[PDB]
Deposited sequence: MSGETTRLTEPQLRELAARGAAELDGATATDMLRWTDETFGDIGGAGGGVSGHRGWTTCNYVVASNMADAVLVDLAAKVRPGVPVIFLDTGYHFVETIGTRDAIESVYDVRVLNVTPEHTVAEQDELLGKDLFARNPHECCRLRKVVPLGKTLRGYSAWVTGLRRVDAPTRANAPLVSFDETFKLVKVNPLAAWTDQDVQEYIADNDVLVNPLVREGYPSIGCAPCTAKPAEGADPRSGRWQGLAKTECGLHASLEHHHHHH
């Protein structure tokens, strides 16, 4: 009742992908803000960040202060990740939303067995990450992700702007064309907060039981 129609969203995603071909991340964020601004938590587009660094958060706040950003609090997070989330909420001009599943960790352990991540990690991710993310994305017309094509060989064709079929709405990846050197230089130039575990030999940060230890 507060999202654009699916054909309208598909046409908007097509036009955005065609017009923003080879554009910078700030240009894509400006286009997203101009297209989904009104009709500062009265915004119609949200940003998703795993709280590994405040690059995308800083960019979105510089293009749109008070922008909302969601963080999927699966309950299995590192204490450093929650600390980084709180620090980003305090420093940057961003409205943070802690998306939590309807069932806590103890409730899920009681209902389907303790340590579901060990027995069915796909179902654990679907219950604590995918379903709450979908329930939160209802009402927004577009979402912004910090996905980079260098994350995996299967992500090499990650589109700049597209229509996410899983959640059925516009998906924008400003950091797609970015490389490791690019994010490094940006981190340097803007003095943006970084999760402390990244310094302690952790390329990617996720849930504590499902993160590869060095």
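No C-alpha positions are given in the record for the deposited-sequence stretches 1 to 4, 44 to 55, 231 to 262.
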